[PDB]
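Here, each number is a calculation from the coordinates, and none is a lab measurement. In this analysis, Cβ positions are derived from the backbone assuming ideal geometry, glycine residues included, and neighbour counts consider all displayed protein chains.
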Amino acid sequence: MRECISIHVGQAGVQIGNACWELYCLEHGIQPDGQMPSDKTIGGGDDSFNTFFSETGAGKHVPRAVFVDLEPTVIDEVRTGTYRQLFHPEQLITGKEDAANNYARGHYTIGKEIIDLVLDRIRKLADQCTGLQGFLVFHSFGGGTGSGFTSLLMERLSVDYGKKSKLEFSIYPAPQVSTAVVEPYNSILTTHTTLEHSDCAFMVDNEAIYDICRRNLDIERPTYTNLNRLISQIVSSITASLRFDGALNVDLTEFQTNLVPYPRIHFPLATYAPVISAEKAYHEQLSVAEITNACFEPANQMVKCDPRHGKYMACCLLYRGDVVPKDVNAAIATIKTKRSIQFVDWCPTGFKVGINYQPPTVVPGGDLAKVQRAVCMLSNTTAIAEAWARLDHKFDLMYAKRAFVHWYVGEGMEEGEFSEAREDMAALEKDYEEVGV
Amino acid sequence: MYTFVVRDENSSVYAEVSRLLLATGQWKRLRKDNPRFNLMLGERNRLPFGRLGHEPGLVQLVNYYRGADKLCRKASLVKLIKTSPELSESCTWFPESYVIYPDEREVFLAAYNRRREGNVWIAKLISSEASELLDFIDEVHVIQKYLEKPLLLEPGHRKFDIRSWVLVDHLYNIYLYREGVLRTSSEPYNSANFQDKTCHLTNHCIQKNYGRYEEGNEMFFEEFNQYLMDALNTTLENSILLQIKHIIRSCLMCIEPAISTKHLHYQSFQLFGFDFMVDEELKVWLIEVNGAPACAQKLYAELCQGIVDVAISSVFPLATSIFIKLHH
Amino acid sequence: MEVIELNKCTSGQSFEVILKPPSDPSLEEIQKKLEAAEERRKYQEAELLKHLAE
Amino acid sequence: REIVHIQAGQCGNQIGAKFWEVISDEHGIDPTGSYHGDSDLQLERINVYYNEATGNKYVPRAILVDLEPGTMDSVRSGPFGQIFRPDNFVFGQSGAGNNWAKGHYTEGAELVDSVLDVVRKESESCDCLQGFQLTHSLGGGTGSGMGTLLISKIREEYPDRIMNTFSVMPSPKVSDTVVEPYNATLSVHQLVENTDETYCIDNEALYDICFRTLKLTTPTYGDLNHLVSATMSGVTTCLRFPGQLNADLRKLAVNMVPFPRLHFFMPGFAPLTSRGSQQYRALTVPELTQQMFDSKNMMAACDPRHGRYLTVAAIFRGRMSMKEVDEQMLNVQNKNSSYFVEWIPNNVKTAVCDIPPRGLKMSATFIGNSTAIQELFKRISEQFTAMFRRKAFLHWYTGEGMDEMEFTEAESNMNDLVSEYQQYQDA
Ligand SMILES: Nc1nc2c(ncn2[C@@H]2O[C@H](COP(=O)(O)OP(=O)(O)OP(=O)(O)O)[C@@H](O)[C@H]2O)c(=O)[nH]1
Ligand SMILES: Nc1ncnc2c1ncn2[C@@H]1O[C@H](COP(=O)(O)OP(=O)(O)CP(=O)(O)O)[C@@H](O)[C@H]1O
Ligand SMILES: Nc1nc2c(ncn2[C@@H]2O[C@H](COP(=O)(O)OP(=O)(O)O)[C@@H](O)[C@H]2O)c(=O)[nH]1
Ligand SMILES: COc1ccc2c(c1)NC(=O)CN2c1nc(C)nc2onc(C)c12
Ligand SMILES: [Ca+2]
Ligand SMILES: [Mg+2]
Ligand SMILES: [Mg+2]
Ligand SMILES: [Mg+2]
């Protein structure tokens, strides 16, 4: 057994961590006080859930997590919330003033003050690990802390933990729920400094999650609570293989091996189905074919794009519920004849399938109905470059006038880092187009 | 009001669509780089489809189908017909074609050798010797069987090609404009030499004897139908238009899964120009598909009005039909 | 469709379906860039306090 | 995240006293500092503007400054006068005589160090100080001349804190003296360099709103300050109340100010109300949105159709459909997209607070960073040059040590501000 440490940075990272860890406890049967009656090995053990939870002598199951925000009010809700007993106070780290939606303030000015504190709190969890395999980092592209302090954290983790894998869960900026105009600046800056330090990153466009909540949950004005509970489900599907018995994606290395043949192109597209409203009185349960077919509908993706006009390098299907391989192959056979699924020539055309028999767990009183079977598809398609194109276009519009640049330069950053970062994104956009012509 | 932008100043069809939209008083035009548009009349090359459908509170529509170039490039059209089972290698209405890179070269020479034992081919320019055409290519191309026995109008002994304008809306309805045009050759068809190609190439730009028989070397369906009755004892609907409607529907139904915007965050429509070639036996052959076609002056007013009614006002409604819907 | 590497357990199964075969910076450099930016903040603050002294 | 409030001069203390009356009523604080409200939302962010004293009392973090005792004695006698900490009253005796030089160089110099001692005392008690907000007029002497001296000295001692002002612009429609364009031009030169955010409250706009819209034939300063206190309440809603957006002064500056010198905002309010008269028809969300963008609701006499919006902030107060707010806000942008710069994507952000202001069921406050505000500085620059080309009334200033060169420099810097706003009006 090898342990994984989760790190939640900024508001978006912390609040999504709240969602995921609440969901994890429900799936593994862990009470809010940390007790887990089904665990018969008191005080320790190397079961699959011990990848994410450590154990105390009294039987408490503590997440291998650390929350860090440059401003206290969000983590303070964790310190007083339903799962306050779950976490040790030392792994909840708060500053006093935030980064003010300013990458350079979170990376240079304030980040320098607190980077050594976090790294030693991270060290306290690593010493509890017999064989640490790496980190799962949750953060937003647009926030000053989520972008600025994460890229500084990712730089130092490569120094202190060189042999370790690092996976990102990144929240892509969407104007319908963001209250900052400089998110494209922060997004490009943080992607340039982090790119070589992340082995695999799952982007989540808030615009896609927002629309899924409106369309399939009939929520008129989705809140972060609506979005984060849905995002936690997808995250849970992705991490389930690390927390449960199986043979697919059993370690963080296997994520890069199965999904990322090119180091720089490490942004798999995630599609999830079915999303069913809990208020729906009558619902016909969808089949294996119907939910596998929904994985190739753009309206169900975490990022809106068209995989028909790109090429695949890898494809995983992660099923939860009443699913058997016979029905999956029958569904893949039908879908291949009716859809534009094209792989790059140097890659085998096919799917790696993982099935977990336990149906998806929904939090009581949430918006998602319980289903009999669900699937998450992780596909490394070049079509996700559309999200970089959108972001870089917005970047180019503002930067051409040098609008808001003075806020970053005034924090010690040099104007050249903007163009240097944009140049890297220009290279990234070019690599996708080479692979997917 | 509705909003639209114009990113192709060279488009004669959508220039008229811009005017008709402004004359409604319910459409306002913005600057090219303004993202808060309802409709985009986009550029022909490198249209940014990836930036469409991401403006909150705006239903967005564009006058091009992403991926339709697979049908509107000579090299892509051949590959699409030979690989798609819906059309197959034994497609009866497309001429034998082979892609050559300056390639199926060896597969092509096998057909030309069985043709050695009518062996005139076109490369796209006409030739009868296979080696000569290949020498021309190097100095991407597709070689195609040159149809040696075409239907010739009289008086004149003249070659022609038929252009049909087809509109495909956001719902993927296929609308064939009832008015087509015959682009005629004003010089009699000479089968003895292909180097002189003013009687073979029916393009308007080749027609610099221009304008003798009909104005602008353009014959519309009214006259061409009347000719077919008096000369061949048939009608344009029966002898030619059924095959044209079959070809248009077959091509577009093939690529529908790859270009449809039914469940997308933006919508697409597109006007196409299908070019047909009729042989001695009243059989229609598909020559090519044009992704950004131009109309004929007599038909600009009626066709561009129909583009608004069927493709634009169907999505953005305001405050007898000239199209034939091809059913699928 | 070839189904390979089928593994089963109480929790579930996994397998692979194939349809067609194929056809950095050191801690020293981090500390220096963070101090170069702090130097630039202190220079811009000194220029401000010098301007206010005038 | 505490804010330190300063009010300087006659106008500064009158609108400042009204501001504290309005927000104390919103937060449920009585004139004695005792909280007698009903909702705990009233106190979740009460520390931003109030210090907690002995006996569960709330004392405003306010410092009252004047060179005359007259207006401040009126404040201490007013309805909420006893709520202010008596030590925070700092005043001289000579007055400033509507003279920018007296407030900035002579009379105000004597008094400014004692103001800074009170400022320092309030700042040392702060958990984490965001910055300062100042209320003042630019046409007088104390608020204009001393107010900008204070701002310069506060920036010297707290260079990394946010400086925010509510600055009242003079207008011959509501004029005390002819030297007001002189004082305003000298002060704007300071505001351009030493503040992060300035709400331009034009007395011309307040007079026209009172006259044309509210049907008040002879407006008083009390009628003008009713509009100021309503605007000041609205623009500080997100700083005082919890919501989706827990805003602070720095995030406001970062997102509203794309270029450092262009930080002069047009405030707007809807629905426009005159005091002592209540209208009983609540507005629909389409009506709030249409009126808050109407030029007749702007507090700076500028035609927004003559410029382009760099950034826009909108705050809706009341119980309403947040979906209808999004549709209506998106409807304004999509229908007048030429007036919003294309090179700042998504430059209109919206906030919602459930507590409406006193006497309204629904309200909407507008904060626009428009390039049309150059019209305001053009107006003051024309009135300035009309007198300065003949050196008229300059003896009042040169008698306090000033040189004509300082006037020339101030005129130029404001004319540069005007041309800089015109730079981005064409781009
Ligand atoms: N999905 C999701 N997105 C969020 C959440 N909170 C904030 N965001 C998004 O994150 C972006 C803003 O970043 P934040 O995380 O709020 O900022 P931060 O990382 O805390 O950094 P600073 O506040 O600037 O110090 C916006 O695009 C928001 O839409 C959340 O809880 N869930
Ligand atoms: N297989 C064939 N047999 C006989 N004639 C052919 C032919 N292929 C092409 N032609 C002739 O060549 C002429 C022009 O060829 P083609 O249409 O492919 O070029 P083009 O694309 O530049 C004109 P457009 O785009 O307007 O259709 C046609 O009008 C037709 O008369
Ligand atoms: N809106 C408003 N403006 C005022 C008020 N009192 C004075 N003014 C304006 O402020 C200017 C006079 O400055 P004032 O504050 O009285 O002088 P000071 O005490 O030296 O700062 C003139 O332009 C007045 O119109 C007020 O209560 N409300
Ligand atoms: C132009 O874009 C923006 C404009 C304003 C803001 C932000 C972005 N983002 C922020 O965090 C602070 N903020 C606000 N500040 C204040 C004091 N009051 C507000 O009322 N409504 C908003 C929104 C808002
Ligand atoms: Ca155990
Ligand atoms: Mg934050
Ligand atoms: Mg062509
Ligand atoms: Mg006065």
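General observations
- With a 10 Å cut-off around each Cβ of A:147-157, the average count of Cβ atoms from other chains is 1.
- Ranked list, fewest to most other Cβ atoms within 10 Å of each Cβ, for B:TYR98, A:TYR161, C:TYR43: C:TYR43, A:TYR161, B:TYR98
- Whole-number Å³ per residue for the convex hull built on Cα positions in chain D: 134
- Here region A:3-259 was treated as a single set of alpha-carbon atoms; its pair distances binned every 5 Å from 0 give 1, 6, 14, 18, 20, 18, 13, 7, 3, 1, 0 percent.
- Average projection, convex hull of the Cα set of region D:376-426: 3.8 square nanometres.
- Most mobile listed residue (D:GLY97, D:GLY143, D:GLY131) in chain D, GNM with C-alpha springs under 10 Å: D:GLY97
- Across peptide D:345-354, the average count of Cβ atoms from other chains found within 10 Å of a residue's Cβ is 4.
- Put simply, the Cα atoms of region A:269-385 extend 46, 31, 22 Å along their principal axes, the longest span coming first.
- Among the listed pairs A:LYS311/A:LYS338; B:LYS149/B:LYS208; D:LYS251/D:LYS349; A:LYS166/D:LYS251; D:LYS102/D:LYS173, those beyond 19 Å (Cα-Cα): B:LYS149/B:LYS208; A:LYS166/D:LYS251; D:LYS102/D:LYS173
- Relative to the Cα centre, the charge distribution of chain A, modelled as +1 at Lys and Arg Cβ and -1 at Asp and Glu Cβ, gives a dipole magnitude of about 860 debye.
- Linear extension gain, B:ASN209 paired with B:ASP279, 0.36 nm per residue minus alpha-carbon span: 22.9 nm
- Choice from A:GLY162, A:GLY365, A:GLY142 showing the highest fluctuation, given a GNM over chain A with Cα pairs closer than 10 Å: A:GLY365
- Taking D:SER123, A:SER237 and counting other C-beta atoms within 10 Å, the order from fewest to most: D:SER123, A:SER237
- Taking 4 °C and 1.567 mPa s as conditions, region A:1-128 diffuses translationally at an estimated 84 µm²/s according to Stokes-Einstein applied to its Kirkwood radius (Cα pairs).
- The mean number of partner chain beta-carbon atoms within 10 angstrom of a residue's beta-carbon across peptide A:319-332 is 2.
- Hydrodynamic radius (Kirkwood) for chain B, which is based on Cα pairs only, to one decimal in Å: 21.5
- Computed from the C-beta positions of D:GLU110 and D:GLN278 and an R0 of 45 Å, the FRET efficiency is 0.45 to the nearest 0.05.
- Using the rule -39500 (n - 2.57) for each DSSP H run of four or more residues, divided by the residues of chain B, the 222 nm mean residue ellipticity is -8000 deg cm²/dmol.
- Computed helical MRE - 222 nm, chain A, DSSP H runs ≥ 4 contributing -39500 (n - 2.57), nearest 500: -12500 deg cm²/dmol
- Stokes-Einstein D in µm²/s, Kirkwood radius over Cα pairs - region D:267-381 at 37 °C with 0.692 mPa s viscosity: 221
- P(r), alpha carbons of chain A - 10 Å bins starting at zero, rounded %: 4, 22, 33, 27, 12, 2, 0
- Kirkwood-Stokes translational diffusion coefficient of region D:1-86, alpha-carbon pairs, 37 °C, 0.692 mPa s, µm²/s: 250
- Order of A:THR225, B:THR92 - criterion: other Cβ atoms within 10 Å of each residue's Cβ, fewest first: B:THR92, A:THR225
- Sparsely packed loop sites in region A:339-399 (the chymotrypsin sites (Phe, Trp or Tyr not before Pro) outside DSSP H, G, I, E and B with at most 15 other Cβ atoms within 10 Å) comprise A:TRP346.
- Here the protein assembly as shown has an Rg and Dmax of 36.1, 119 Å, counting Cα atoms alone.
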